[PDB]
Structure formats: C-alpha cells, structure tokens
Amino acid sequence: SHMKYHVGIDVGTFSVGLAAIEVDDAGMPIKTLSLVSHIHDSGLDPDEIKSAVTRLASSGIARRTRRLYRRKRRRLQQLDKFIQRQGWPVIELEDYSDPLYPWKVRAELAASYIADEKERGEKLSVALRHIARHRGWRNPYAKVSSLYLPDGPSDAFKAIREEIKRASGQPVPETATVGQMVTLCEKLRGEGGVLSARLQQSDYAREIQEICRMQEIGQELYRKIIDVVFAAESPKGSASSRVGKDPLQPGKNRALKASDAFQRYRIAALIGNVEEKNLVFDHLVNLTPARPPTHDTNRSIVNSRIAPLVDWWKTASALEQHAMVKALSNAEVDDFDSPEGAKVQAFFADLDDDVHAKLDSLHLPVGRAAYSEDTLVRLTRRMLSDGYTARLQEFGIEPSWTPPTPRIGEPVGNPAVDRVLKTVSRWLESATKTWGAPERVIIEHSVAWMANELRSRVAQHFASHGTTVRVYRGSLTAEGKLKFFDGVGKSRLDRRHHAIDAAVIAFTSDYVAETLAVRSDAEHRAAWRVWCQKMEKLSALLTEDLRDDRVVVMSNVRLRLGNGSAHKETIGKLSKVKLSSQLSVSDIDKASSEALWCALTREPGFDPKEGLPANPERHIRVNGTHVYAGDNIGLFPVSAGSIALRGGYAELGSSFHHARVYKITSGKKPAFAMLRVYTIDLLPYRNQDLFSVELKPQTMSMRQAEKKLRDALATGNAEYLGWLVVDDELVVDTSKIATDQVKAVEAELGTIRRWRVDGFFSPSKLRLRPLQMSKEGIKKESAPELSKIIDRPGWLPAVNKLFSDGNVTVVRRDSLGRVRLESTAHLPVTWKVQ
RNA sequence: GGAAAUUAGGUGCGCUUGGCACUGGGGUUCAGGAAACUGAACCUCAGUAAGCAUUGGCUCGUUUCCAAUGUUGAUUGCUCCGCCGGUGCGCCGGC
DNA sequence: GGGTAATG
DNA sequence: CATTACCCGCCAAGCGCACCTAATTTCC
Ligand SMILES: [Zn+2]
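Here the first sequence stands for residues -1 to 184, 189 to 275, 289 to 304, 339 to 436, 440 to 497, 667 to 700, 709 to 749, 771 to 1084, numbered as in PDB author numbering.
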C-alpha cells in the first residue's frame, strides 16, 4: 500500500502494546491502522502454582529425571552381568527371610574371611547389589578412577558415626565401615536416621575396599568393581552443543579460554592497547614465565608438580598437548578418534591410582572468547607484523562493522523474552505485507534487554528501507484526557491502555525525548509546538476507537496436544472389589480401565440406571483375561477423572486439551452441553485433527461428561457445533444471564460483552473473565465483586444457560487483530454458538 | 552508543548424580485383640508421567495384548491437512 | 492459578 | 442454577553454555 505510517511498541512485563497509525506526509496522524494489546503467559507452566517456572524449565527437569531412571536401570543390569561373569549368583533379597540381610552381610564381609568359595561369592553379590542402590554422591565430572584410593571420611560420615555413638552408647570411632555401624542398631531412611544422608561415594568405596581386604581381593578386582558400582555418565561435553559462534567467521565455534590460541591472543591484545620492534620481545617474556596477563594454562599445568604429567608436556608436540587441554577441561568431549586424543586417552589408563585424585585438584581457566580459534590465531599473526587497528585489515571489514543480528523472531533462550520477540516479528511481518515498511519504529520500556535486542534486530531488518528505530527509558516514556474503564487519562485496570501507550510512543521526536525526561533549546521549543499539534490530532482518533471499541486485546492459543504434565503427581491406593459385588452405574464409571468398563457395561444384567446387581455367577473377560466372581477388580475411589498408574491411580487434573460444544435436540427444547476432552484420550490420534477425533464412550472424557450429553450421543441427538480452547475470546450478551456479582461489576464498570475463556470449571460450567481487564487495576476503594469476577475465580456460567440466552460468538483474529471469518489455510475461525 | 580483553555480580537454562515423598511386591518386629484378624512402625526390591517409534512375538485385540531396545515424551501458543518461505525426509517460520 | 467435591 | 472450601509432591550437589548490569585500558 502507498500509505505511510509510524509504529509504536510498548513492552510490558506480561503485555506488548502494538500500534501503527497512518501518518501524513508532514507528520500528522490520519487513520489508526492497528491497535493491539497483546497478552502473553510469559512462557510459564500453568501447573507450577505461579512460582515463576517456565515450561522450558519444567520440561528439562522431567527430561533429565526421565533419563536418570533409565541410566539407573542400565547400571543394575550391567552389575548383574558383571557378577555372573565372576561365577557369582544373582540372588533376590526376597528369597531370604531376614529383611535386614544385606546390612548384616555388609558388616560380616568387612570383619572376617568367609571360608566357602560358594558362600563368599553369594554374600559378595548380595552386598555389592545393595551398595549400588544407595551409593552416595560424588562430583559428576570426577571419574570413577578418583575412587581407586578413596578419600578420608566425609563430614557426614563423621556426623553419623558420632550419632550412633550417642544412641547405641557403645561406640567404635575407628576403622568402621558404613555397614557395620548400622548393623548394631537393630529408622535409617528419612529425615531422622541418616540425618539427611549427605554421604559421599568415597565413604562407600572405603567400605568396599575393606571388604576386599578381608576376602583376599587384590586391587586388580577392587578397581574393576568400583568401575561398575559407581558407574555414571559424565557431563563433560554437555555444554559443547550450545556454544556460540564467531561473528567474523560464522561457521566456526567460539574460541575456548585456556587454549594456546586465546592465551597467546590475550596478551597480544593488551600490548596493542608503540615500539613496533619490541612488541614481540615483551610478548616472549609474557608468554613463558589489575595485573598483566600470561599464558595461564601452561603456568597452571607445570606448577602442579604432577611428575607423570610434566614429562608428557615437554615431550608432546604443540598439537598433541592441545588435545590434553581439551581432555582436562570440563567443557569438551573426549574423542578417542584422532591419534592425538587417543594418545592422551591411552596415557589416561597407565597412571597410578594416586595420580587420578591429583588431576581433579588442578584447575584450568574456564570461559569462551568472542571469536574462533582460526580467527584467534590469524589476528595474532597479523598483530605481530603490526604495532581494532590490528584487527581491521584481516577481514576487509568496513570500520563501522558491527556483528549482525538474527531475524526478529529468533529465540534467545528466555521463554518470556521469546514470547515478545516472536510476537513482534509476526505483527510487523503482517503489517509490512499490508502497508509496506513503516517510517519510524519507536520502542519503550532485565526486561530492557528485550527492548535493546528489538531495536538492533528491527534496525537490521528494515535497513534496506531506511527506517529509524529508537528506544527510550520507561521513566522518560511515561511523561491524557482519555476515558477508560476505571478512570480518566491513566488506567491500570483497562488492558487497552497498552496499545494506547504504544500509539503515543510512535510520535516521540528525539528533541522531544530530551525535554520529556527533563521535565520529570530554541529548536527544541520549535519541536514542542509541532508535537502538540500532532498529539491533539492523535487524541481525537483514539477516543473514537475507544468509543467504538476498536482497540483489540488478544492472546495466542495453544492447539497442540502436549501441554505440560498430563496428570497429577500424587498416587493413591486403588479400591479393590470382588466381581460378585453389586455395582451401580456410578461404581462402573469408576473402573480403572476402559476394557473393564466395556466388560461391565456389555453384561446382560446391566441396567442403565441400576447398573449391575450382585451376582456370584457373573463372568467377565478383560483383554482375553477371564475374571471370576471371586476375584478383585480395581475401581477408582473418587469420582474424579483418573488413570490406573504404577499400581495405584492418579487424578487427571486440569489436563484438558480442548472442549467441544454440542446442541442437544431432545424435543423438549434445544439445550447446549459441553465435552471436556482430556489430553490422554487424544494420544493414539496425535497425527490427526484433534478436534475431529471420535471419542468412544469408554474414554474418561466421556464418562466424566454431563450425563445428559452422554445419553444424547448414544442416540444421535447431540450436534457437534465447535470446539473451545483456553484463551479463546467470546462475545456474550450479559443482559439476561449475568449473575448478581457480574451485574455489580457491570453497573460500576459498564456492560461487559467481551469475555475470555480461562478454564473449563465443571462438566457443565465455564470459567470466564473480562477480556479487557487486569487484576492490578483493582484498588482498595473498589468493590469486592471485582475481585471475584476479575481475579478469582471469575464468572462461572452454566454452559446451557450461557449458550441458550447469551447469544455467544467465538472470535478468532489474525496477527493484526482483525476478525477472521473464513480461512483458506484451515486456521481457527470465528463462529456463532446457535 | 557499540566492540575486545579484564575484575565484581546477576539471570536463564544445560548435563550428570544424590536424598526423600507416593504407589506396588516382599519380609521382620510391634500395638490391640481369645482367635480369626486389623492397624502402625521399619527394612527390602520395583515403578516413578500417560505414552510414541523400531524389531520380534501372541489368543492378532474398536475391551488394541506381551517382550526387548531407543526416546528429542513436557521449550518453540493457529493441532491435523494443505500452500509458500527459509534451512539440515526433518526442523523452524508465514497464512 | 487450576480443578474437584460439596454446599446453597 | 450458583457459590464456596480445599486440594495440588519436595530438597540438595558441581559444573558450563548463553545473556545482562557496573567499572578500567585501547579503537571504531
Ligand atoms: Zn469365562
């Protein structure tokens, strides 16, 4: 389009004010193109009760924990295979009748020799498998070899040792293993017994060591046992995948600190910051001996006084010892592929058991450089042959060069920031592809990192079209006569003020920018006269849009199947009932599986009202498994939707993906019901349209549904009209269906016809809140009805009452806030409930 | 304003571990009982999202079974389908 | 904050 | 139908990648 306009962007803590106003050729506002107060969830996990935990954070904890249980099972499987290769038997502890049998064996093995070769191996296998389960803690980067010569007893070991001395009275504070202290007590696990059990793997390795001495087990096998019992993956190269990149040379990973490159680079940087001959002379001394810098890694390596290491350092080539640096640093992956690293790795086998612990005491510098190894070396070479100035000539980079920025929507790692970045990119792209590029983009308001990154990302994005981009401080930003919901001029309750503040921001001249912050030069005064002429012209446009309610308050919706944890974490005991018992319809709907529900509901004696009568001769098949009248079956003890899990059960919670809306034509009068679809009932149909997935009556979603809707679906009197999702926008006529507290809100604040879907409260009730309002605007002098409707729990209308007499329309919008009535791309579309 | 090296500090995540809690199997010892039995402490093993993918099986399941291995399973808010746009069939983005 | 279970 | 009480699993460890803030020397 040939229209010229300005763009104002207001960044809030949980909102984004987006504004674009058509501007005259001189600078006067003409028409408002798009006013949007975009609200976001800050990327937070809804199931974390507002402890400021994002989905990314909780996903990672679940991801790592899920792997932890897998890694723990692999260890115990490998230990059993290691025990069987030694001719020892893998005996289960439930075979022995003594519940404390593993503790007795661990104390017996650490005291005297065991005669029988069979009994000695059977009890060693019992003691080893037990220590592996509760094996204490070690530094994750410390390798197994750090335990071949275990360290002295930990502070926790000494603390527990004195604890038994007090409770038992008879102490042995000398050469006592963990097993033989505990054995004489005859409540360990928990807060009370092991006093939080802040133990160490070295303490358990010491117990294993003494067991090996008593059973005539040399170091050749003790070491091999320590390898298996204390096996663990290392977090060595865990950070190697998320390393930044060189701006000058994109494809190369950033240089690693404590490398011969960076160290020889670093001191070259300081001398340059003249004597164009004596540069290299000074550098020679600085290389090989605020304070001056040095080749810190080489100094740290030699001083270590590790006799076997120092011999390798001089004999190894510069490239060979470069691999030694990567292997010792906690940020690099050991390779075993190149010959160099294979030599370093081969050296890592022959060292004595006393050498290993000395390696962990050594500390190399940690960090990353801005450029990359090849660029690090190349500039020192060019630095040597010269006296920034040294850096310029290497790349043919025009001196004004700054490292480029990614696309606007490129995520940065912070979930709250990535919400804004992706939103601003989407809106500008929709704005650009409609009215072309803008003339000015002005951005306003820890969170300032967003605003800075926006300007940089936006400026490069619009560099071709010559668009000015500016940021301003929040205090300078704030420095009218508009009518909002709660007050005049200013408002914290009305969410439309975010777009209004963004509109004013699109018209802040830089000469006005000085005086605005100043108020909290002759030409500066000429600007103010032009400015007020624009502002007074702008004020009229927003009043109309505020009156016509053209300011759009909106948020995105989440339609994918995955949405946090799929059920509650607490597990409860199931209810077991003999099959011959009397089973009402309520009892059958509490069955722990769908197959059980089908077997019970397909019985001949089943009645849709009375259920199943007591019958000592009823026969039931569940997944080919026959169940007699004398067998127990599992039922949920609660009416809540749940799943059988880990022997017991767990409640599904608020894990609704979407809710479907039905019209029930029963002949009496058309009624409206609602089906809340659980996330779990859409798992087998992940690859389909979730809103068209045929849910079967056996699914929990169906059984938890309003009974009226269930009978209608079984007869064909329920018409699927559409689906709702959390953060969907509704238009509601509250004249006939508003509750008393809603009307009290509406009387004080005006009729509220735009509502937002915040939850699916009951199988028959919605959770709605006013779309354009925020809780922070509720003052102490306000009415208590506002806190009920806006804060908690909100308007909770019945689905049938709301849709029958509310004249409700579900409103979906595009990125510019415009109502979307039809879509070629099969995107969510506005529809009317009728 | 910005960039490099620095000293001080913060935020956000990444990786591997350590303890519990919960449910299930087992076991011992108690409390109360005349007993049958309850119930409580402990100890031990196991599960620790639901699932999805591959392989191989069964009684081959619209009551969707079993076993092994892997898992990015839960960031990226318009699922799926479709059309473009980048990217290393898939990922990201736009409608 | 969400929902369930339980009252008006 | 509307309204209200009450329910939700937690705590450590060492390290490293990213980014930001406040200062000093150069240089753009
Ligand atoms: Zn049968």
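The beta-carbon is built from N, C-alpha and C at its ideal position, and this holds for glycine as well.
Mapping DSSP to helix, strand and coil, what is residue i?
i: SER56; result: helix
i: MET26; result: coil
i: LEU675; result: helix
i: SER240; result: helix
i: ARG427; result: helix
i: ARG191; result: coil
i: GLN203; result: helix
i: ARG492; result: strand
i: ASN352; result: helix
i: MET924; result: strand
i: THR929; result: coil
i: residue 1085; result: The question about residue 1085 has no answer, for the chain in this structure spans -1 to 1084.
i: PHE736; result: coil
i: residue 186; result: There are no atomic positions for residue 186 here, as the chain continues from 184 directly to 189.
i: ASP8; result: strand
So, is residue i buried or exposed, given that buried needs 16 or more other C-beta atoms within 10 angstroms?
i: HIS869; result: exposed
i: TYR224; result: buried
i: residue 706; result: Looking at the chain, the numbering goes 700 and then 709, which leaves residue 706 without any coordinates in this model.
i: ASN347; result: buried
i: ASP978; result: buried
i: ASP114; result: exposed
i: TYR912; result: buried
i: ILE273; result: buried
i: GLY194; result: exposed
i: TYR899; result: buried
i: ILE59; result: exposed
i: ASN301; result: buried
i: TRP453; result: exposed
i: residue 1148; result: Residue 1148 is absent from the structure shown; the chain starts at -1 and stops at 1084.
i: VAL464; result: exposed
i: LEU1018; result: buried
i: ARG678; result: buried
i: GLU290; result: exposed
i: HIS344; result: buried
Flag residue i as yes when its Cβ comes closer than 7 Å to any non-hydrogen atom of ligand 2, and as no otherwise.
i: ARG62; result: By its list of ligands, the structure shown excludes ligand 2, since it contains just ligand 1.
Review point. What is the chain-ordered set of residues for which the beta carbon lies under 5 Å from any non-hydrogen atom of ligand 1?
Key: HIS869 and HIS876
Point to revise | the stretch 1027 to 1047 touching the stretch 717 to 727, judged by at least three CB pairs closer than 8 Å | key: yes
**Study point:** Completely contained beta strand (DSSP E) runs for the stretch 1010 to 1071, where each covers 3 or more residues
**Key:** 1015 to 1020 and 1059 to 1061
Check your understanding: Which ranges does the beta strand (DSSP E) cover as unbroken runs of at least 3 residues, wholly within the stretch 797 to 873, from first to last along the chain?
Key -> 802 to 804, 825 to 828 and 870 to 872
Practice item. For the stretch 1051 to 1070 and the stretch 838 to 847, state whether three or more C-beta atom pairs, one from each stretch, are separated by less than 8 Å. Key: no
Check your understanding: Do three or more CB pairs link the stretch 940 to 953 to the stretch 978 to 995 at distances below 8 Å?
Key -> no
Check your understanding: With a cut-off of 8 Å, do at least 3 Cβ pairs link the stretch 109 to 118 to the stretch 58 to 77?
Key -> no
Exercise for review: Inspect the CB distances between the stretch 935 to 944 and the stretch 870 to 886 and report whether three or more fall short of 8 Å.
Suggested key: no
Review point. Would the stretch 689 to 696 and the stretch 471 to 479 be scored as touching if the rule is three or more Cβ pairs under 8 Å?
Key: no
Check your understanding: At a cut of 8 Å, does the stretch 373 to 391 reach the stretch 121 to 128 through at least three beta carbon pairs?
Key -> no
Exercise for review: Could you say if the stretch 453 to 463 and the stretch 474 to 491 meet the contact criterion of at least three C-beta pairs nearer than 8 Å?
Suggested key: yes
Review point. Is the stretch 923 to 932 close to the stretch 893 to 905, with three or more CB pairs under 8 Å?
Key: yes
Check your understanding: Are the stretch 412 to 428 and the stretch 253 to 264 in contact at 8 Å, needing three or more beta carbon pairs?
Key -> yes
Review point. Using 8 Å as the Cβ pair cut-off and three pairs as the minimum, do the stretch 26 to 46 and the stretch 3 to 14 touch?
Key: yes
Practice item. Inspect the CB distances between the stretch 248 to 257 and the stretch 423 to 432 and report whether three or more fall short of 8 Å. Key: yes
Practice item. Please list the segments of the beta strand (DSSP E) lying wholly inside the stretch 364 to 408, counting only runs of 3 or more residues, in order along the chain. Key: none
**Study point:** the stretch 209 to 223 in contact with the stretch 160 to 168 per 3-pair CB rule at 8 Å
**Key:** no
Practice item. State whether the stretch 144 to 151 contacts the stretch 75 to 89, with contact taken as three or more CB pairs (one from each stretch) at a distance under 8 Å. Key: no
Check your understanding: If we count Cβ pairs, one from each stretch, closer than 8 Å, do we get three or more for the stretch 791 to 806 versus the stretch 869 to 878?
Key -> no
**Study point:** Given 8 Å, three or more beta-carbon pairs between the stretch 673 to 688 and the stretch 711 to 718
**Key:** no
Practice item. Mind the definition here: the stretch 855 to 864 touches the stretch 890 to 897 only if three or more C-beta pairs lie below 8 Å; say whether that holds. Key: no
Exercise for review: Taking 8 Å as the threshold, find out whether the stretch 738 to 745 comes into contact with the stretch 774 to 781 through three or more Cβ pairs.
Suggested key: yes
Exercise for review: Could you tell me whether the stretch 196 to 203 touches the stretch 126 to 144, using the rule of 3 or more Cβ pairs below 8 Å?
Suggested key: yes
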